[PDB]
$ cat target20.txt   # compact mmCIF, C-alpha atoms and all ligand atoms
# COMPACT_ATOMS: atom_id res chain seq x y z
CA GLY A 16 -21.00 -31.13 43.82
CA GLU A 17 -20.60 -32.56 40.29
CA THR A 18 -19.82 -36.29 40.34
CA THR A 19 -20.38 -37.12 36.62
CA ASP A 20 -17.58 -39.16 35.06
CA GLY A 21 -15.17 -37.21 32.82
CA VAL A 22 -12.18 -34.91 32.72
CA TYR A 23 -12.01 -31.82 34.97
CA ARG A 24 -9.76 -28.79 35.38
CA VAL A 25 -8.21 -28.18 38.84
CA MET A 26 -8.29 -24.43 39.59
CA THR A 27 -7.11 -22.08 42.36
CA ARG A 28 -8.01 -18.51 43.26
CA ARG A 29 -4.91 -18.11 45.55
CA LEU A 30 -2.90 -16.43 42.74
CA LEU A 31 -3.91 -13.64 40.29
CA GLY A 32 -7.45 -14.27 38.92
CA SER A 33 -8.38 -17.96 38.59
CA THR A 34 -5.47 -20.14 37.61
CA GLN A 35 -5.49 -23.68 36.23
CA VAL A 36 -2.93 -25.76 38.17
CA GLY A 37 -3.85 -29.16 36.67
CA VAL A 38 -6.41 -31.68 35.44
CA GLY A 39 -7.96 -34.90 36.67
CA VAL A 40 -10.33 -37.81 36.03
CA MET A 41 -13.65 -38.58 37.72
CA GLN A 42 -14.48 -42.30 37.47
CA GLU A 43 -16.71 -44.48 39.67
CA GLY A 44 -17.17 -41.57 42.13
CA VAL A 45 -13.38 -41.11 42.65
CA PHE A 46 -11.30 -38.08 41.52
CA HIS A 47 -7.84 -38.98 40.21
CA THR A 48 -4.97 -36.51 39.64
CA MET A 49 -1.17 -36.19 40.00
CA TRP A 50 0.18 -35.47 43.52
CA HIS A 51 2.24 -32.45 42.32
CA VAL A 52 -1.01 -30.73 41.14
CA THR A 53 -2.75 -30.62 44.56
CA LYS A 54 0.05 -31.51 47.02
CA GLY A 55 -2.67 -33.65 48.72
CA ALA A 56 -4.90 -30.65 49.62
CA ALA A 57 -8.73 -30.97 49.82
CA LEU A 58 -10.72 -29.86 46.74
CA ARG A 59 -14.08 -28.14 46.24
CA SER A 60 -16.73 -29.18 43.65
CA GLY A 61 -19.52 -26.56 43.76
CA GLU A 62 -20.72 -26.53 47.37
CA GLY A 63 -19.21 -30.00 48.08
CA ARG A 64 -15.78 -31.04 49.37
CA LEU A 65 -13.54 -33.86 48.10
CA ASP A 66 -11.10 -35.22 50.64
CA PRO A 67 -7.90 -37.15 49.76
CA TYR A 68 -8.15 -40.89 50.21
CA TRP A 69 -4.88 -42.32 48.84
CA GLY A 70 -1.67 -40.69 47.68
CA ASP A 71 1.97 -41.43 46.92
CA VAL A 72 4.68 -38.82 46.15
CA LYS A 73 7.00 -41.31 44.38
CA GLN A 74 4.23 -42.50 42.02
CA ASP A 75 3.13 -38.81 41.85
CA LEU A 76 -0.56 -39.81 42.17
CA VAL A 77 -3.54 -39.03 44.42
CA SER A 78 -7.18 -40.13 44.63
CA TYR A 79 -10.11 -38.39 46.36
CA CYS A 80 -13.39 -39.90 47.81
CA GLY A 81 -12.19 -43.47 47.37
CA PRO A 82 -9.38 -45.74 46.21
CA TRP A 83 -7.61 -45.44 42.83
CA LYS A 84 -10.00 -46.95 40.18
CA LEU A 85 -8.00 -46.71 36.90
CA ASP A 86 -6.35 -49.97 35.86
CA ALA A 87 -6.07 -50.10 32.08
CA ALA A 88 -2.56 -50.45 30.69
CA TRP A 89 -0.84 -49.46 27.45
CA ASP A 90 -0.52 -52.58 25.17
CA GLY A 91 3.10 -51.64 24.25
CA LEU A 92 2.26 -51.56 20.51
CA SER A 93 -0.59 -49.14 19.63
CA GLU A 94 -1.05 -45.40 19.33
CA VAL A 95 -2.84 -43.73 22.26
CA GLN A 96 -4.52 -40.33 22.69
CA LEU A 97 -3.64 -37.58 25.12
CA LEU A 98 -6.89 -35.82 26.11
CA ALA A 99 -5.11 -32.56 26.78
CA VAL A 100 -7.00 -29.95 28.78
CA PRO A 101 -4.76 -26.81 28.51
CA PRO A 102 -5.35 -23.73 30.71
CA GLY A 103 -8.04 -21.44 29.16
CA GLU A 104 -8.48 -23.77 26.14
CA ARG A 105 -10.98 -26.46 25.11
CA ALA A 106 -10.25 -30.21 25.75
CA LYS A 107 -8.49 -31.63 22.64
CA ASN A 108 -7.36 -35.16 21.67
CA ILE A 109 -3.80 -35.70 20.38
CA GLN A 110 -2.86 -39.09 18.98
CA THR A 111 0.72 -40.42 19.33
CA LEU A 112 2.78 -43.67 19.44
CA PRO A 113 4.38 -43.83 22.91
CA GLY A 114 8.08 -44.30 23.45
CA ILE A 115 9.45 -46.10 26.49
CA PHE A 116 11.11 -45.12 29.78
CA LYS A 117 13.49 -48.05 30.67
CA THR A 118 14.13 -48.19 34.42
CA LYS A 119 15.84 -50.63 36.83
CA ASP A 120 12.31 -51.69 37.93
CA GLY A 121 10.84 -52.22 34.44
CA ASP A 122 9.66 -50.33 31.35
CA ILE A 123 6.90 -47.65 31.29
CA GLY A 124 5.22 -46.08 28.21
CA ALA A 125 6.05 -42.39 27.65
CA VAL A 126 4.50 -39.69 25.44
CA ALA A 127 6.56 -37.03 23.68
CA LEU A 128 4.10 -34.13 23.81
CA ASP A 129 4.77 -30.73 25.41
CA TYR A 130 1.88 -28.84 27.00
CA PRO A 131 1.74 -26.12 29.74
CA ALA A 132 2.44 -27.28 33.36
CA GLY A 133 -1.30 -26.72 34.13
CA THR A 134 -2.13 -29.61 31.75
CA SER A 135 -0.66 -32.11 34.31
CA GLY A 136 -3.19 -34.84 35.20
CA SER A 137 -4.69 -34.93 31.68
CA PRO A 138 -5.63 -38.51 30.82
CA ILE A 139 -3.95 -40.74 28.23
CA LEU A 140 -6.44 -43.16 26.61
CA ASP A 141 -6.46 -46.37 24.60
CA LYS A 142 -8.70 -47.09 21.51
CA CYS A 143 -11.56 -48.17 23.85
CA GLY A 144 -11.51 -44.82 25.70
CA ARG A 145 -10.03 -46.42 28.87
CA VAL A 146 -7.59 -44.29 30.87
CA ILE A 147 -4.16 -45.99 30.77
CA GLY A 148 -2.48 -43.27 32.87
CA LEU A 149 -2.06 -39.55 33.53
CA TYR A 150 0.25 -37.08 31.76
CA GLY A 151 2.57 -34.64 33.51
CA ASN A 152 5.46 -36.37 35.29
CA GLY A 153 8.51 -36.76 33.01
CA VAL A 154 11.86 -35.53 31.82
CA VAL A 155 13.51 -33.01 29.45
CA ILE A 156 15.83 -34.77 26.94
CA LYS A 157 18.93 -33.57 24.86
CA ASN A 158 16.83 -31.79 22.14
CA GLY A 159 15.25 -29.80 25.03
CA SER A 160 11.87 -31.49 24.38
CA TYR A 161 9.52 -32.79 27.13
CA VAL A 162 8.62 -36.48 27.46
CA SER A 163 5.97 -37.51 30.03
CA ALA A 164 5.64 -41.00 31.57
CA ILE A 165 2.24 -42.69 31.14
CA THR A 166 1.70 -42.81 34.95
CA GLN A 167 -0.84 -45.40 36.14
CA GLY A 168 -1.87 -46.37 39.69
CA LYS A 169 -2.75 -49.73 41.21
CA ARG A 170 -6.40 -50.66 41.69
CA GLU A 171 -6.48 -52.56 45.08
CA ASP B 50 -8.58 -23.21 47.94
CA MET B 51 -8.66 -25.51 44.96
CA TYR B 52 -11.80 -26.35 43.00
CA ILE B 53 -12.70 -28.57 40.02
CA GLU B 54 -14.72 -27.70 36.88
CA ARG B 55 -15.89 -30.29 34.31
CA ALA B 56 -14.06 -29.99 30.90
CA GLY B 57 -15.46 -32.96 28.94
CA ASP B 58 -16.17 -36.64 28.44
CA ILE B 59 -13.33 -39.15 28.15
CA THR B 60 -13.58 -40.63 24.67
CA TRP B 61 -11.23 -41.62 21.81
CA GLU B 62 -11.65 -39.19 18.81
CA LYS B 63 -11.58 -40.70 15.31
CA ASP B 64 -9.18 -38.80 13.01
CA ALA B 65 -7.65 -36.77 15.90
CA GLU B 66 -4.46 -34.73 15.11
CA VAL B 67 -1.51 -37.22 15.07
CA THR B 68 1.96 -36.09 16.30
CA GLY B 69 4.97 -36.76 18.59
CA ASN B 70 7.89 -39.13 18.32
CA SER B 71 8.53 -42.36 20.38
CA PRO B 72 11.85 -42.06 22.21
CA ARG B 73 13.36 -45.04 24.04
CA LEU B 74 15.12 -43.56 27.13
CA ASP B 75 17.03 -44.95 30.10
CA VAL B 76 15.63 -43.17 33.16
CA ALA B 77 15.86 -43.20 36.97
CA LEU B 78 13.04 -42.35 39.44
CA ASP B 79 14.00 -40.86 42.82
CA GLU B 80 12.17 -41.01 46.15
CA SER B 81 10.66 -37.56 45.47
CA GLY B 82 8.98 -38.79 42.25
CA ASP B 83 11.40 -36.96 39.95
CA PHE B 84 12.50 -38.74 36.75
CA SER B 85 16.05 -38.09 35.46
CA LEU B 86 18.02 -39.32 32.35
CA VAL B 87 20.65 -42.02 32.86
CA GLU B 88 23.70 -41.53 30.62
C1 LIG C 201 9.63 -32.33 34.85
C2 LIG C 201 8.16 -32.39 34.56
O1 LIG C 201 7.50 -33.42 34.73
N1 LIG C 201 7.60 -31.27 34.08
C3 LIG C 201 6.21 -30.94 34.35
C4 LIG C 201 5.35 -30.81 33.08
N2 LIG C 201 5.59 -29.93 32.09
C5 LIG C 201 4.52 -29.95 31.24
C6 LIG C 201 3.66 -30.86 31.75
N3 LIG C 201 4.17 -31.41 32.90

$ encode --input "target20.txt" --output "structure tokens" --more "lines below"
Ligand SMILES: CC(=O)NCc1ncc[nH]1
Amino acid sequence: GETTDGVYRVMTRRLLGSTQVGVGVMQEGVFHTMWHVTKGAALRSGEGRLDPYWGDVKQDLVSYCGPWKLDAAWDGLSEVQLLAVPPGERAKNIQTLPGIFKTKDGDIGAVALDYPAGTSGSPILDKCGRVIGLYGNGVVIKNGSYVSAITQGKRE
Amino acid sequence: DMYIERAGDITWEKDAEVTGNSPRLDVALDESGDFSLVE
């Protein structure tokens, strides 16, 4: 099917009509998304099939056709952009200064933006357009607002 | 049966809409990939 680099919606026809369950990134011939979007199932791209190649439930990430290719990291100082792809709506860029998730294993950038569940896997970018992680795995804080980690994988 | 459909190029947009705060939170990550708040 289509192998051009860019952002893609992940759809299913299992439910009513065609439903957007998430989003992902095609880069260097590999499709990258969050594990909770596909649960590691195979995907279709036109008449072609994309098979899982690497996945990890704890990281909440999965790659198809080859190993995880995204390795840029948030600089810890600058604003980034969420390239949100909401269900039934055009791709839109939202600029924000990340906050931080402090964990026992180190600090991770986090974005305080709330989009529909089907926006999970949308990329977060730096000023050079590099993908520094995927949006959609996070927490709900006291105010009731959603805060997503900037989740990034390891390039072997 | 899941399928993918292209939605756009990955680029930074000059003068994009700017919003969101920057919370500093103590969090925990469990074996199932769920984040939770540590209080
Ligand atoms: C707990 C959690 O990560 N919620 C899923 C989500 N909601 C909107 C985008 N992603």

$ atom_distance --input "target20.txt" --atom1 "atom CA of residue A:154" --atom2 "atom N1 of ligand LIG 201 (chain C)"
6.4 Å

$ residues_near_ligand --input "target20.txt" --ligand "ligand LIG 201 (chain C)" --cutoff "10 Å" --atoms "all atoms listed in the file" --output "list in words"
residues 37, 51, 52, 75, 101, 128, 129, 130, 131, 132, 133, 134, 135, 136, 137, 150, 151, 152, 153, 154, 155, 161, 162, 163 and 164 of chain A; 82, 83, 84 and 85 of chain B

$ residues_around --input "target20.txt" --residues "residue B:62" --least-positions-apart "4" --cutoff "9 Å" --atoms "only C-alpha atoms" --output "PyMOL selection string"
chain A and resi 96+108-110+142+144

$ atom_distance --input "target20.txt" --atom1 "atom CA of residue A:121" --atom2 "atom CA of residue A:53"
27.5 Å

$ atom_distance --input "target20.txt" --atom1 "atom CA of residue A:42" --atom2 "atom CA of residue A:74"
19.3 Å

$ residues_near_point --input "target20.txt" --point "(-13.3, -33.9, 46.3)" --cutoff "6 Å" --atoms "all atoms listed in the file" --output "list in words"
residues 58, 59, 64, 65, 66 and 79 of chain A

$ closest_residue --input "target20.txt" --among "A:56, A:146, A:115, A:30" --to "chain B" --atoms "all atoms listed in the file"
A:115

$ closest_residue --input "target20.txt" --among "B:75, B:80, B:87, B:59" --to "residue A:122" --atoms "only C-alpha atoms"
B:75
